[PDB]
Amino acid sequence: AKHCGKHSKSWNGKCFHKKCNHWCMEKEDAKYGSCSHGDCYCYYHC
């Protein structure tokens, strides 16, 4: 499985999986967004 995780240097106030997903998708065409370390990680598909 190939999970291309964005380097989360995109600061956001509070991390929420659903909102992370939405943001990442809208922001840089991320497949999904996941909350890791309380940070919004955008996942792309290489």
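Numbered as in our numbering, the sequence shown ends at 107 without a single skipped number.
Idealized CB from N, CA, C, for every residue including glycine.
Note that the C-beta distance between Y105 and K88 is not below 8 Å. Contact between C96 and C107 is ruled out by a C-beta separation of about 21 Å, above the 8 Å threshold. Secondary-structure assignment with DSSP links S95 through a beta bridge to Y102. For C65, the three-state secondary structure derived from DSSP is strand. Within the same chain, and ignoring the five residues on either side of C85 in sequence, the residues whose Cβ sits closer than 6 Å to its Cβ are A91, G94, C103.
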